[PDB]
Structures are given as C-alpha cells and as structure tokens.
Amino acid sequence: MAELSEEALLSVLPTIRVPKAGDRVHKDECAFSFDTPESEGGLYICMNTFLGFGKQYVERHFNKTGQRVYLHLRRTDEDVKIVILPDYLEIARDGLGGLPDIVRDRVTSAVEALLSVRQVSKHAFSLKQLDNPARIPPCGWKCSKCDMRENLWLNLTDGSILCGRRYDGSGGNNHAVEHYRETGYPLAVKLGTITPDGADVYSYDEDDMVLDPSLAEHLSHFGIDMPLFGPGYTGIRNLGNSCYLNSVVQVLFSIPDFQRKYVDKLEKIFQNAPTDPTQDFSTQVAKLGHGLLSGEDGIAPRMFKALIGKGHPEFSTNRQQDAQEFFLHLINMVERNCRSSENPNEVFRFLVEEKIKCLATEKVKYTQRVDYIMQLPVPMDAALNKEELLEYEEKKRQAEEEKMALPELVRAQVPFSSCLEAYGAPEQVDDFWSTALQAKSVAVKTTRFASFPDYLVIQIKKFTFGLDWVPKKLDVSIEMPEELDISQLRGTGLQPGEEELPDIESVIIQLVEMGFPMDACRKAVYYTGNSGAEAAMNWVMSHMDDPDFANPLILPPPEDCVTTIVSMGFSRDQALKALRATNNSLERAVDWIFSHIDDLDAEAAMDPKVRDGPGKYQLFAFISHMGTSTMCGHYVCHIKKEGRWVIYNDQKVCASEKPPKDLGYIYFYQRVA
C-alpha cells in the first residue's frame, strides 16, 4: 500500500518557502553541472533554498539536506511539475484538488513566485558628418561627461560618446540626448553592439531604432570597420570580454596536477560542498574542469566567472582584462583554498635567489623569495631589424595621414638569447645604503633560480611607458624556443671567500643648542652609551646625514572572524596574531597569515614547500594577446596536446600547424623527465 502524493506533500509542506524580491532563484543552470531546463532530464529547483540541480545531481541535495520537494522545469516552451523524492512522485500545478485551501494556496503561490521591425532612418542619406573626427577605439569607452562605462552612444555626426537615458532608475545620466537636444545631430550607435553584421542605431529625431544602410561608411569616418572534438577539446562561450579567463582556464586544465585536484577528485569535492554549491570555490572549479575534459557548442562558465570575480574591482565587471593579472588572481585563490591539502600551485611555485653586492667593498647579501611567474625583459636595443622597422613606421604614418590602406605589418625582431641575457645580467643600483661603508653607494643586484619548477611560467614584459605616461604595448617578435635550458641560471648561494654585509637628557639639550637636529642628537647619546657630551658630538658629526633606518631607536577581537581564519587551515593562536596585527580587519588579516606562516613555523621549529628538478624544459602552452593596444585586444591560447599544437579561441578549437610562438604573451614550459 504505497505512499500517496498528498501524504508526501502534506508531510514536507513546511519546507516549501515562497521566494521574495531580494531572492536568487537558480532557475537557469545546475549548481554541479552545466545542466539547464533545456537539458534532457530538465532542472530540479529545491523549493526550500531555490537552488537548481540537473537529473544526475538532485539526489545529492536530497541526501545532504533532507529536501524532498522540487519544482521540475523542462524547456523545449516549458513544462513544469512538482516532484517529491525519493520515489519521484509527480504532482502537476493543477493536481492540488481536494487538499485543504491553505496548502493549495501555499503551493501555487510558491510555484508562481519561482517562475519570475526597424525601418531606415530619414537621416541615413542626408547625414552631415563633421570634419577632423577622433579615432574611436575598439573598447573601454566612457561617457565624455560623467563616468559611466556601459550604455554609451556614439553620435554619428561628431564622434561624441555619451551615456543613455534614465527613467525606473536604470540607464544613463541623459548626457547623449541632451547633446542631441543642443545640436540636432540625429543618429547615434550603441557602442559594443558593433558587429560585422550591423549595430544598434538610434534616431533621436524619429524616437526609434532605425536602419542605416551607410553605417560602414559612417563608422569608417571614425576609423571603425566591421577543427577538434572530444575530451580535452571543449570551447568556451564568450560571456562578453571573457577571452582572458577562457585562455587561462584552458591552460590550467591541461596540467595534470590541476586535473587531479579538481577533476579526478570531483566526487569527493561535490560530497564536501556546502548547501549552496554555486558559491563554493572547489565545486565551481571542478565543474569547469569536468566540462572541459569530458564530452560537451561549448560551455558558458557564468557560474565560475561570477564566483571567482566576486568582490574584485576588475574581474567582477565585464570589461577587458590582462591575462597575467587573472592568472595570479586565480593562483592566489587556489592558494587560499588549499592550505593543508593537495596544492596544485606547487607545480608552478619556485624560489628566487636575489643577490646584492656592495660594489665598493665587494660584500654580499643573499635574500630569497617565492614566485610563480618569471618576468622576461624585452631589450629593444637588441632588435635585429631597426631600419626595416623605421621604414615601416614611416609608411604607416604616411598611410594614416592620407587615410589609405596601412602597409603590411613589421615587428621589431628581438632575439630570445638577448632577453635571457638581460634577465641574468648583473644590474647597477644607485642610492644604496651599504652597512659596510656606512654611506650611500652603488650596488650590483643579480637574480637567479634557487629552484626550478615543474612548469615554468614566463611573462614577456612587452610593455613600457610612452609620452604623457600612456602605456605602450611593445608589439615585438621573440621566437621562444621549443627547448629551454635554463640551468646556467641556477643560484649558488653564499660562498666561502665571500664576506657578508653587516646588518641592524642633559647631553641632548647641549647638542640641539649647537645646531644639530633633535633626531640625530637622540641617536647620538644612545649609540655611544651615555659617555658624555664629547663622544655624542663626535657621533652626530659622523652620522647626522645617515638615513633613519641605519641607526634606529624605537622611542578587542571578534569570534566570527577567528573561526573563519581557522577554517582556512590555521590555529586559533595564529588567527589571533593576524587580527591583532591588522587592526582587526578580516581581509588584511588573511593576507597577513598567508604571508607570515612560513616565518611562524620557523618559530615553532625554534625550541615554503617547492618542487625542485633540472632547469631543462619543453614548450607546452602559451597565451597570446592580440592587437597593438594596451587597452583593448583579444586573447587566445595554444596548447600542445597528443604531440600536436592546438588553438583555443573561445568557442573555436582547432589544430594549428604553424603556432605563432613568437607573438605570445604568457608562456608555459613543462619540465623534461
């Protein structure tokens, strides 16, 4: 005698919450997968938390949470039904007959709450476009008047870029329309809608979206013109300027250590996930990796992008971003979530040996630090085609002024051997305090590897400052080797024979009277050990010009915070220290302990883990920034898989035979066996 629908429904009624205005209802995509109402099997919406789950995953929420009642959606035109677990009883929206009214009213109230031609412009042919227009860039526009960065109209008469209209509360600061009002210039185009196929053209005059057959030419006025499959060959949908994320993420998941942490171990991860898994780092990263290394038109990683960008000034927006910045951001995010567990960052991490030498005394100091990316200098003076480039720049200057077709592109051809040299070369440093000399002098700084990583990450420093401090991309050609021997670059530490650079009242009134500064005068009595006026006079005379640090004299917490830190994998004592160092600020305290633990462990030892190996590499992958601008561009990556090179351009994944390994930006070198 089986359990009736009504019985089961009445029994978990209290777990039916009805959503409100300020409520996220995850109705469009599954928490654990990329399943959608459009997937066969549909989407199950927990009617308690409003979270969504595909058919293979609902059972996870059931078991973890107790929730039996789900609103099941299937789009193909949408078909909705209530389903109770574990036996999958179905009740339709109109299956509530005979139940008490107050339950019918609760159930439908909840369900309803969960489910919440252009003509040509009269002015297209008559349009006067003003002379000497500005050169409008491909991205990153702002309203010429306020600050707004979305919703901007380009007026086709004068090149002005101004924000849209307000009403409701959403929109712009009305700058664009007031500009039309003042001028009469009828047409504007919505910046960012400009594809090869058309744009959104608005007519202030006709109060309408309109067509403009001459758009190409009107935009041209402003200098605007309009295969692999299977596991490990997934494309990533553009989410609007997400190419940088796509490119990084594609390389990460080609690296076995990241595969083992987040993809091989996804079951364990899904199991250990909290109630809302959409908000869980490990889950989201795992979900992304799985969707790339199995079978799946590509994937749209909205959920991941939303989470790893949360609270970030750049990665929470939808504008164009730097690949290295994203990479380090995700790396440090992995670091935060992998303290005392499997840490895939270990594959990148290495030790830099920094050496100072006081040139005058020949005395040395060796310092040491962790890093993830080696920054490769690009010494322009090494360019092999200085003159071939100067004829190019002349021809381009000429072609711009005449508004003709630009010449075929030429880049400064810089040897890699030169970059590597520049990395290694000893470097002169001025205004250096030598504790040996006790005088400002000049040091010789050198950088070496105290450790070579399993995968070496290289950033080509292909940028510099131009005039008026505008950043210039160095559009340069550097053939990065398929084979890298970086062993000559291993640090050797302090050596025998090498000497180390050293480190660390009635008198005061009499000296300040004489004309010596109070600060020097204080340090004088202290460092002569109170031996009377004479000895202190002698000291200020030697040492008054010294920098402060050369002769220094030093002259309640919350429990919700503590537990948050300890949950990241630290002790209570460690958490307290961090907060007490960071004036009780959570974010800073977290920065504190991570940067301080390695030192705190050495006080524990008083009573950072890196993988070493040969510095002998093979090119594995590179991320390429395309364009001439610092401010706009497109990112793609090339990855060597199964012996053969592959380009991943957002949605498009193709075998490439001729990888442009000389135009890349961030390079990934895998260590040889």
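Residue numbers run from 1 along the displayed sequence.
Engineer: Indicate whether the chain is continuous between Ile504 and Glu505 or, if not, how many deposited residues are absent from the coordinates: none, 1 to 3, 4 to 9, or 10 or more.
Structural biologist: In the deposited sequence, 10 or more residues between these two have no coordinates.
Engineer: Missing residues between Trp469 and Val470 in the deposited sequence, please: none, 1 to 3, 4 to 9, or 10 or more.
Structural biologist: Unmodelled stretch: none, continuous chain.
Engineer: Look up the CA B-factors in the entry and say which stretch, 347 to 355 or 124 to 132, has the higher mean.
Structural biologist: Per the PDB entry, the higher value belongs to 124 to 132.
Engineer: Which of the two stretches, 514 to 522 or 97 to 105, shows the higher mean Cα temperature factor in the record?
Structural biologist: Between 97 to 105 and 514 to 522, it is 514 to 522 that shows the higher mean C-alpha B-factor.
Engineer: Among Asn583, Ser434, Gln320, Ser451, which carries the highest Cα B-factor?
Structural biologist: Highest C-alpha B-factor among the listed options: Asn583.
Engineer: Compare the CA B factors listed in the entry for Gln375, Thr193, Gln284, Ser487 and report the winner.
Structural biologist: That would be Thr193.
Engineer: Within this chain's modelled residues, let me know which third the CA B factor of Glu427 belongs to: lowest, middle or highest.
Structural biologist: Its C-alpha B-factor belongs to the lowest third of this chain's values.
Engineer: By the recorded C-alpha temperature factor, relative to the other modelled residues in its chain, which third is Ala8 in?
Structural biologist: Answer is middle: the recorded C-alpha B-factor places it there.
Engineer: Sort the modelled residues of this chain by their C-alpha B factor and say whether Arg336 lands in the lowest, middle or highest third.
Structural biologist: Its C-alpha B-factor, which the entry lists for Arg336, ranks in the middle third among residues of this chain.
Engineer: Relative to the other modelled residues in the chain, which third contains the C-alpha temperature factor of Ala533: lowest, middle or highest?
Structural biologist: Within its chain, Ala533 is a highest-third residue by C-alpha B-factor, going by the deposited values.
Engineer: If you rank every modelled residue in this chain by C-alpha B factor, which third holds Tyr527: lowest, middle or highest?
Structural biologist: Tercile = highest for this residue's CA B-factor.
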